[PDB]
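Going letter by letter, the sequence shown gives residues 14 to 213, 226 to 329 in PDB author numbering. Scroll down for the structure; my scribbles are underneath it.
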Amino acid sequence: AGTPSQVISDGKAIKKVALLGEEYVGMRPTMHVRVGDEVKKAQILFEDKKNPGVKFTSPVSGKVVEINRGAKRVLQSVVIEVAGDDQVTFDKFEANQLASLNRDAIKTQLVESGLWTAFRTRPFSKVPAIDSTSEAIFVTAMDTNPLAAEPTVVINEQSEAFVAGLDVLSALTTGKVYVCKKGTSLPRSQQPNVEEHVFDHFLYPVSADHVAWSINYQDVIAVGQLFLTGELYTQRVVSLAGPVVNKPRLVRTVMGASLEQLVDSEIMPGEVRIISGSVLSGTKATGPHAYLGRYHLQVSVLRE
């Protein structure tokens with residue numbers, strides 16, 4: 014019902030993007046910008062006062078037009094209006110170098126680029142501490158919900174970036190990296206501490234000694250792109266599905282894309298509920314929240 018075609022095409026033009034404050038567990042923001050500031054791509058917008066060092070950066074260059082706040086001044090979203098192509102650039106390497114890079118050097122670049130936020134601890138589901146390490150980084154490269162985009166199609170376009178990302182993770186972990194996938198074959202890291210777990226909603230192992238980190242396949246592609254090119258890779262391939270979508274399919278877009286602009290001239294007439302993420306485990310994309318969640322790879326539209 015509203016199932017998407019597993020074929021990638023271009024999404025509607027995006028004029029504004031936003032980072033959503035409340036979707037980061039335990040995050041209390043310290044602003045590094047105000048309305049009117051021109052920002053570059055990968056420029057810090059704010060940091061977490063309760064997770065010292067974690068940076069949240071702009072997916073695009075442009076101008077800060079809104080800092081929306083709700084009950085008790087909680088940060089709802091920082092809206093950026095796209096303009097120009099100025100960006101903060103980082104160190105670049107060759108693919109063969111990535112698996113041997115120093116762990117702290119890797120950390121520094123992920124933090125300053127903002128990509129560090131892609132990681133979440135399991136349990137607690139919050140961004141790891143900068144000075145912390147993990148023995149088991151899990152890569153979610155599968156999805157059971159038919160409304161989700163099949164990862165293999167996305168990854169097949171970004172083969173070298175995906176593998177490069179895995180190689181960075183293989184140096185970042187103190188133990189192993191686990192690629193959680195279906196039977197369908199994927200590009201393989203040549204590093205011996207990168208394993209594939211084939212299956213036939227995820228659960229992660231718990232231990233008093235260690236904590237598990239999780240990261241989705243598209244962020245792994247971003248990590249790979251970051252270290253190969255030295256630029257923040259903000260492309261997204263998201264599932265645009267739901268019974269009121271005229272051509273349910275996969276569309277290219279940008280992190281934090283305006284969802285009202287993304288679905289413009291995509292939906293049947295009548296009033297609808299736009300949802301960022303899965304239908305059952307997403308958030309109501311309305312008003313100040315009408316933007317693609319950091320950890321969402323799907324946009325669901327229903328009838329109200």
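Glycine included, every Cβ here is placed at the ideal spot set by N, Cα and C.
What number of angstroms, rounded off, separates the C-alpha of residue i from the C-alpha of residue j?
i	j	result
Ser325	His226	18 Å
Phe106	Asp244	18 Å
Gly39	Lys63	7 Å
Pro17	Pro159	8 Å
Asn206	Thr254	24 Å
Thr278	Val152	22 Å
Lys85	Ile21	41 Å
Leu275	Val231	35 Å
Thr70	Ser303	24 Å
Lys76	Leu114	35 Å
So, using beta-carbon positions, are residue i and residue j closer together than 8 Å?
i	j	result
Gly307	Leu32	no
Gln89	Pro273	no
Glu170	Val192	no
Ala162	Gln323	yes
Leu251	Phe132	no
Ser183	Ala112	yes
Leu327	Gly267	yes
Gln100	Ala174	no
When DSSP builds the beta bridges, which residues end up paired with residue i?
i	result
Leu32	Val91
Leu327	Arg298
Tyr242	Note: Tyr242 sits in no beta bridge, so no partner.
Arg47	According to DSSP, which records beta bridges pairwise, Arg47 is partnered with nothing at all.
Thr187	Its beta-bridge partners do not exist; DSSP assigns none.
With DSSP collapsed to three states, give me the class of residue i.
i	result
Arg201	coil
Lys76	strand
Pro164	helix
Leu228	coil
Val101	coil
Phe69	strand
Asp213	coil
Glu173	helix
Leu114	coil
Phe106	coil
Check whether the Cβ of residue i lies closer than 8 Å to any Cβ atom in chain C.
i	result
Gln100	The structure shown has no chain C; it contains just one protein chain.
Could you pull out every unbroken beta strand (DSSP E) segment of at least 3 residues lying fully inside the segment 258 to 324, listed in chain order?
-> 260 to 266, 274 to 279, 297 to 301
Any beta strand (DSSP E) of 3 or more consecutive residues that is wholly inside the segment 120 to 150 | 133 to 135
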